[PDB]
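A.B. asks:
There are 2 protein chains.
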Amino acid sequence: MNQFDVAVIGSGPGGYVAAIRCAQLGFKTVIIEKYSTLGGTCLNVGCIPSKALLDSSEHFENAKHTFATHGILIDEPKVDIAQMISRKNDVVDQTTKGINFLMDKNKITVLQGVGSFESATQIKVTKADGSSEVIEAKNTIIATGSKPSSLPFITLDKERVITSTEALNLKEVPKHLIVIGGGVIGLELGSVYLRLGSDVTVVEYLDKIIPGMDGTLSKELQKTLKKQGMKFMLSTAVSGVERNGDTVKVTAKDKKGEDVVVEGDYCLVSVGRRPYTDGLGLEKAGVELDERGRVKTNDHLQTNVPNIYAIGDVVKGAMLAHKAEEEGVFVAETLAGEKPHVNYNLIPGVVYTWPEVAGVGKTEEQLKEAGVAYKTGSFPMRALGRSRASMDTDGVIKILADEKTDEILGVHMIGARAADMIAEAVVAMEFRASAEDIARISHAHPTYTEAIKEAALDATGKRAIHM
Amino acid sequence: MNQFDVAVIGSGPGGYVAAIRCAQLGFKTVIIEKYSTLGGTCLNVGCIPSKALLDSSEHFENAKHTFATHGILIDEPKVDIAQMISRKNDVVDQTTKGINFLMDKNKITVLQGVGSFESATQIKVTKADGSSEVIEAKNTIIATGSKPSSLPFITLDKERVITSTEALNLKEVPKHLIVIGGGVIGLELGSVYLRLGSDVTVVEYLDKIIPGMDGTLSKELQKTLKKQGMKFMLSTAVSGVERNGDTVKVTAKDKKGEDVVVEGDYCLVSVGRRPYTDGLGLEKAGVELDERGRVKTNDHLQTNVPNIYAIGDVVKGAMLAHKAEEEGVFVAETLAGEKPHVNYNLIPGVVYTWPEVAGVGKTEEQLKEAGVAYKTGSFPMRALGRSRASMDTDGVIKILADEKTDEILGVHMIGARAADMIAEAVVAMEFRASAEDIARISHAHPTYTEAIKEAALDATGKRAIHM
Ligand SMILES: Cc1cc2nc3c(=O)[nH]c(=O)nc-3n(C[C@H](O)[C@H](O)[C@H](O)COP(=O)(O)OP(=O)(O)OC[C@H]3O[C@@H](n4cnc5c(N)ncnc54)[C@H](O)[C@@H]3O)c2cc1C
Ligand SMILES: Cc1cc2nc3c(=O)[nH]c(=O)nc-3n(C[C@H](O)[C@H](O)[C@H](O)COP(=O)(O)OP(=O)(O)OC[C@H]3O[C@@H](n4cnc5c(N)ncnc54)[C@H](O)[C@@H]3O)c2cc1C
Ligand SMILES: [Cl-]
Ligand SMILES: [Cl-]
Ligand SMILES: [Zn+2]
Ligand SMILES: [Zn+2]
């Protein structure tokens, strides 16, 4: 029997970052992955693939609609979908090799197979051929991640009634793509194919898109996506999804109770993500789940079995890749006798549409439900000289500040490069900065971040300069 | 003779922002501009025009070199140079109307003409036809800005031997553009026409481009610009620039003393910018200049005449647009009896090439010259999943931290979206953040700002995760 200090089950962003941090702290560490390659959901069927298709489709969007204005003379651009998907596949293969490299550099043992608990200290690793080996580990970090949710009445066929996994591998640009469900994934992949020529209709039970974010962002994102051609059927309860050859028929009822029928040639189900624990052998180690199917954890991400921890999508909190990464570093440093901290209020959330959407801190709805006295500052992206020069003019920056102390309580962005502008707000809130603090700091001109500076001026005293 | 509390000579970013900040504080404010429209250098012949052409030319670069890999099918793209410039002119016209809106909204009086001092309290405003009006102002803010520098043997002709002003309005894509000076302006305008098909040769007297920035950024920017097709003749002292019909011949000597000759059809002189005070009548008010031609200032940007202040490119400091803006707000708030402060160490500098370059704080060369014990952190952009997805893999993030306290002393970036990532570093240093602090803060995944977190991990304890 091989012996290790720490075992990590799952090779997603939480898993392999946790392993590296365990190796850096001196633990003999092993990581177990059932997939053929390392990287988890985010690399193989998640973040990296979506960003690659989003980047290529946005290039296609510019060529089709803005090149003439930009002074670039081309004929009607055409989509080579096989090259798009193939290039994305190479991007995934690139990142997988980098993760392999990191494992070797940190002297982490990598085992391919399904890891199941035999006890609180023994783990069975079953390879593809069915053979098994048992290893011993003093501590174990569960990082098994999540799987796509679905609806029980939908029969997924991996052809036309699909999830994000297959949607990233289409053999053609859909004529009419139907998106069932209000997950972020649906809006991102819908943007990809909307740009590539598809008709996209989002059919959703929820009353607004991205409802977990600030309401202004919900409003502005639907406003800009409609402007781009996406159609939205909100507050609509789907009751059926039929495949009839080359056609999918979605039947539902609207908020007034009337019947609704939507037909397309492709249907993507994006109704959320579900924690994944199948085959993990939790009963044999004694680890408890909650009513939602998540590994119960305490303040130290510890299960009821003291030597077993759990991180990432398999536990409570925002199901984000960098949230799993931070929790992995947290457990490793905790195992080393340190006292780390995670501020979950300061974990940003990003939507990778164009314009990008990003938020950190409290939403206005959260401040209202708590009876917090707050100020609002708001500056539009179209007023920036940088946006006029690039034609990326959609969106707004919104800052919430405590009315008495001026401390920034939440920053909510929709606009060009918001996925990276949000970092300024994260650092600002980490140092408990006031709106006045940010308003007085130099922001490079011309940049999109000047909208943050202007919004902070608006929040601190309604004294923005460029509005 | 009308009376005002504050008069502002110049409608640049410093000029008009100061006027707005003065109007917000309750002062009767008037602003004078000799140009036909408002905006100063940055709007009409500076930041906005160049940024517009950089965005258009980068699109053309993608269509020519990356669209096929992206899966976008087009024929060879062609340049409509008249349309490029026309759109840029429209962006300038857009922004000019916005400044007009801001002046009227803040109830600032706008006068067109040359502003000249009659005394420390009277200012003559001379229109083009010769008519004059004299105004009285308790205080005056000098914001007359800058002009392109040149060399005594250079005869500028506004056709083929040109400055930045004319290069932004070319009627054809150059066959071979010669750039004299490796400054921010020269590299940006060279990149514009390089992408559009021109051959670009940069001739620079110093041994490195952008020498006012960190040496790593100098090296990496030259490394990538060469990869993009730019040619560089460094350590080269130009001694003659003659126009011979449709061709310009630049004669110089290399580091070995051997003669060097470069021929092109367009020659851009980018040897820096010089403070502009022509016709301002400073002698009639008593305001003294320094040896370099700049309006002398003290701690409060005050001249020797106590009621007259000066800001922007006409005074000491980095000749940057947001530097003029901040100094305009500083003088305005100082006039109001408040006690503001400008931290010149925390004013970022941006080069809008692709990849973008940005730095803030001390350079490594400065830390060496001061004998500061420092740590270095460095993460490459090609290792980010986000960069792999977009194919924007060039560059590095470099963080300098104090060896004893771990406090970040400077952050230097070359990579995608550096123009907006630098904002995180500015806010970080403003709060005296340590390398460990940034390394522990949540960074959205996948984003380019993750390279900042990784570089901070490298600086704080050589413990980056993805390297
Ligand atoms: C299309 C899509 C786009 C997304 N885009 C983003 C985005 O832009 N940003 C973002 O932050 N998040 C995004 N996400 C979410 C992101 O993928 C997750 O939040 C993140 O991957 C969390 O991963 P993790 O480490 O907790 O586990 P996971 O990445 O979900 O994977 C855990 C791993 O455990 C392995 N495993 C499970 N059980 C066993 C077992 N018994 N034995 C061995 N191995 C096992 C699995 O094979 C899997 O590889 C996206 C998701 C999808 C699907
Ligand atoms: C091609 C180019 C690109 C640049 N890009 C950038 C960039 O990306 N970022 C950046 O920060 N900086 C950039 N700069 C520099 C930027 O333009 C200046 O730093 C900024 O404009 C500072 O302006 P200011 O208020 O100090 O004065 P200015 O904008 O230089 O001009 C003030 C105005 O005063 C007027 N004036 C002068 N004397 C008188 C008088 N006696 N009476 C009446 N009117 C008068 C002038 O006509 C002028 O319009 C760039 C410069 C150039 C040339
Ligand atoms: Cl602005
Ligand atoms: Cl990373
Ligand atoms: Zn500005
Ligand atoms: Zn990451």
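Quick note, the sequences are listed as chains A and B, same order. Mapping of the first sequence onto the deposited numbering: residues 1 to 467, in sequence order. Mapping of the second sequence onto the deposited numbering: residues 1 to 467, in sequence order. Here a beta-carbon is modelled for each residue, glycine too, at the ideal position from N, C-alpha and C.
Ligand 1 and A/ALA321: does the residue's C-beta get closer than 7 Å to at least one heavy atom of that ligand?
C.D. replies: Under cutoff, so the answer is yes.
A.B. asks: Quick test of the definition: if touching needs 3 or more C-beta pairs under 8 Å, does the segment 128-136 of chain B touch the segment 259-274 of chain B?
C.D. replies: As far as the Cβ criterion goes, the segment 128-136 of chain B does not touch the segment 259-274 of chain B, which means the pair count is below three.
A.B. asks: Run through chain A and tell me which residues come within less than 7 Å of B/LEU346, C-beta to C-beta.
C.D. replies: Neighbours of B/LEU346 on chain A, chain order: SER442.
A.B. asks: So with Cβ pairs under 8 Å, would you call A/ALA428 a contact of chain B?
C.D. replies: It does; some Cβ of chain B falls within 8 Å.
A.B. asks: Flag this pair as touching only if the segment 421-428 of chain B and the segment 362-380 of chain B have three or more C-beta atom pairs under 8 Å; answer yes or no.
C.D. replies: As far as the Cβ criterion goes, the segment 421-428 of chain B does not touch the segment 362-380 of chain B, which means the pair count is below three.
A.B. asks: Hey, is B/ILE48's beta-carbon within less than 8 Å of any beta-carbon in chain A?
C.D. replies: Yes, its Cβ sits closer than 8 Å to a Cβ of chain A.
A.B. asks: Looking at the strands, I want to know which residues DSSP matches up with B/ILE141.
C.D. replies: The partner list for B/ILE141 (beta bridge, DSSP) reads B/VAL8, B/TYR309.
A.B. asks: With 8 Å as the threshold, decide whether the Cβ of B/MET84 is near any Cβ in chain A.
C.D. replies: Closer than 8 Å to some Cβ of chain A, the Cβ of B/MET84 qualifies, so yes.
A.B. asks: Does the separation of the CB atoms of A/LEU102 and A/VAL125 fall below 8 Å?
C.D. replies: Result no, Cβ atoms of A/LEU102 and A/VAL125 do not sit closer than 8 Å.
A.B. asks: Under the criterion of a Cβ to heavy atom distance below 7 Å, does A/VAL314 qualify as lining ligand 1?
C.D. replies: Under cutoff, so the answer is yes.
A.B. asks: Looking only at its own chain, which residues have a Cβ that is under 6 Å from the Cβ of B/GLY10, when we skip the five neighbours before and after it?
C.D. replies: So the qualifying residues of the chain are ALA143, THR144, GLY145.
A.B. asks: Shorter than 7 Å, the distance from the beta carbon of B/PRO348 to the closest heavy atom of ligand 5, or not?
C.D. replies: B/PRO348: no, Cβ never under 7 Å from ligand 5.
A.B. asks: Scan the segment 219-250 of chain A and note each continuous beta strand (DSSP E) run of 3 residues or more that stays entirely inside, going in chain order.
C.D. replies: With a minimum length of 3 residues, the continuous beta strand (DSSP E) runs that stay inside the segment 219-250 of chain A are 231-233, 237-244.
A.B. asks: Between A/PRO380 and ligand 5, is the CB less than 7 Å from at least one heavy atom?
C.D. replies: The answer is no for A/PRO380.
A.B. asks: Say the cut is 7 Å; is the CB of A/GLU338 nearer than that to a heavy atom of ligand 2?
C.D. replies: It does not: the Cβ of A/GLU338 is nowhere closer than 7 Å to a heavy atom of ligand 2.
A.B. asks: What residues in its chain sit with their C-beta under 8 Å from that of A/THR236, if we drop five residues either side in the sequence?
C.D. replies: Correct list, in chain order: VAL203, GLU204, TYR205, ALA252, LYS253, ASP254, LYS255, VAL260.
A.B. asks: List the DSSP bridge partners of A/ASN2.
C.D. replies: DSSP, once it has assigned bridges, lists A/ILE135 as partnering A/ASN2.
A.B. asks: Using only CA atoms, which one of B/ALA389, B/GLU430, B/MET391, B/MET413 lies nearest to B/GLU407?
C.D. replies: Closest option to B/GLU407, Cα to Cα, is B/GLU430.
A.B. asks: Is A/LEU280 close to ligand 1? I mean its beta-carbon at under 7 Å from any heavy atom of the ligand.
C.D. replies: A/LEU280 Cβ: within cutoff of ligand 1.
A.B. asks: Run through chain B and tell me which residues come within less than 8 Å of A/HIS445, C-beta to C-beta.
C.D. replies: The contacting residues are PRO13, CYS42, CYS47, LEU320, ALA321, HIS322, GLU325.
A.B. asks: Is the beta carbon of A/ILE178 sitting closer than 8 Å to the one on A/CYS267?
C.D. replies: Yes, Cβ-Cβ distance for A/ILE178 and A/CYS267 is below 8 Å.
A.B. asks: Using a Cβ-Cβ cut-off of less than 8 Å, list which residues of the segment 140-164 of chain B approach chain A; keep chain order.
C.D. replies: Correct list: empty, as no residue qualifies.
A.B. asks: Does the beta-carbon of residue 522 of chain A, which I'm using as the reference point, lie nearer than 7 Å to any heavy atom of ligand 3?
C.D. replies: With chain A represented from 1 up to 467, any question about residue 522 of chain A goes unanswered, as that position is not in the structure.
A.B. asks: List the residues of chain B that A/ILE20 touches, going by C-beta distances under 7 Å, in chain order.
C.D. replies: Those are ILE465, listed as they occur along chain B.
A.B. asks: Measuring only from the beta carbon, is B/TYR374 closer than 7 Å to any heavy atom that is part of ligand 2?
C.D. replies: Checking every heavy atom of ligand 2 against the Cβ of B/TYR374, none is found closer than 7 Å.
A.B. asks: Of all Cβ atoms in chain A, is any one closer than 8 Å to the Cβ of B/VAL17?
C.D. replies: It does; some Cβ of chain A falls within 8 Å.
A.B. asks: Give a single yes or no on whether B/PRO49 has its beta carbon closer than 7 Å to a heavy atom of ligand 5.
C.D. replies: Not under cutoff, so the answer is no.
A.B. asks: Going by beta carbon distance, what residues of the same chain come within less than 8 Å of A/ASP246, once the five residues before and after it are set aside?
C.D. replies: Cβ within range, chain order: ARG160, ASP265.
A.B. asks: Taking Cβ-Cβ distances below 8 Å as the criterion, which residues of the segment 408-434 of chain B are in contact with chain A?
C.D. replies: Cβ contacts with chain A come from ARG417, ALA419, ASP420, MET421, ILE422, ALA423, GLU424, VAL426, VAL427, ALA428, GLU430, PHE431, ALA433.
A.B. asks: Out of B/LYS175, B/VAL184, B/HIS176, which has the shortest C-alpha to C-alpha gap to B/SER164?
C.D. replies: Measuring from the Cα of B/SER164, the nearest candidate turns out to be B/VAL184.
A.B. asks: Does the Cβ-Cβ distance between B/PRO77 and A/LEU73 come in under 8 Å?
C.D. replies: Yes. Within cutoff.
A.B. asks: Between the segment 376-389 of chain B and the segment 458-466 of chain B, do at least 3 Cβ pairs fall closer than 8 Å?
C.D. replies: Touching, per the Cβ criterion.
A.B. asks: Measuring CA to CA, which of A/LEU409, A/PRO446, A/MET413, A/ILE414 is closest to A/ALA428?
C.D. replies: For A/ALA428, the nearest C-alpha among the options comes from A/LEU409.
A.B. asks: Can you give the Cα-Cα distance for A/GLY113 and A/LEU38, rounded to whole angstroms?
C.D. replies: A/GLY113 and A/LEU38: Cα-Cα distance of roughly 11 Å.
A.B. asks: For A/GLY286 and A/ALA336, I'd like the C-alpha separation in whole angstroms.
C.D. replies: Roughly 24 Å between the two C-alpha positions.
A.B. asks: Among the candidates B/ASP5, B/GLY40, B/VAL17, whose CA atom is the shortest distance from the CA of B/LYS28?
C.D. replies: Comparing Cα-Cα distances from B/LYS28 to each of B/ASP5, B/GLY40, B/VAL17, the minimum goes to B/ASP5.
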